[PDB]
Amino acid sequence: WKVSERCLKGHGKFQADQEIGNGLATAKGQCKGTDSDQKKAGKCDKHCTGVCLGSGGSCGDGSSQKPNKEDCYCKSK
């Protein structure tokens, strides 16, 4: 799975040419701030499908796979 800088850091190059392997893409910072968990979930899922071009995603929950609550973790198609 290749994703863009925009996917990973939130801004930058648009084309999907960053290799992340077989795991999730870390969309840094997409779940930061004071919005509700539901609203953050929507922002994250749409960043994942619309920018990372994955199937969906979810905010960090402290697990090994999704360790940072401020980050959004996107799954491939």
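Below are the figures for this structure:
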quantity	calculated
Set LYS77, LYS69: member being in contact (Cβ under 8 Å) with a residue 12 or more places away in the chain, surrounded by fewer than 11 Cβ atoms within 10 Å (Cβ to Cβ) and not aromatic (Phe, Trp, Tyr)	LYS77
Some residue of the stretch 24-31 being of a type outside the set (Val, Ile, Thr) and over 10 Å from the mean Cα position of the chain (by Cα)	no
Those residues of the stretch 26-50 which are surrounded by 21 or more Cβ atoms within 10 Å (Cβ to Cβ) and touching a helix residue (DSSP H, G or I) at 6+ places or on another chain (Cβ under 9 Å), in sequence order	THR26, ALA27, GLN30, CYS31, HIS47, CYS48
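One line per residue, one yes/no per condition, for (1) free of Cβ contacts under 8 Å to residues at least 12 places away in the same chain; (2) among the basic types (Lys, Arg); (3) in a helix (DSSP H, G or I):
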| position | (1), (2), (3) |
| --- | --- |
| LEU8 | no, no, yes |
| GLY12 | yes, no, no |
| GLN15 | yes, no, no |
| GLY23 | no, no, no |
| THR26 | no, no, no |
| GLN30 | no, no, no |
| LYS43 | no, yes, yes |
| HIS47 | no, no, yes |
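With ideal geometry, Cβ positions are generated from the backbone for all residues, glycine too; neighbour counts draw on all protein chains shown. Read-outs throughout are calculated quantities, based only on the coordinates presented, and are distinct from any laboratory measurement.
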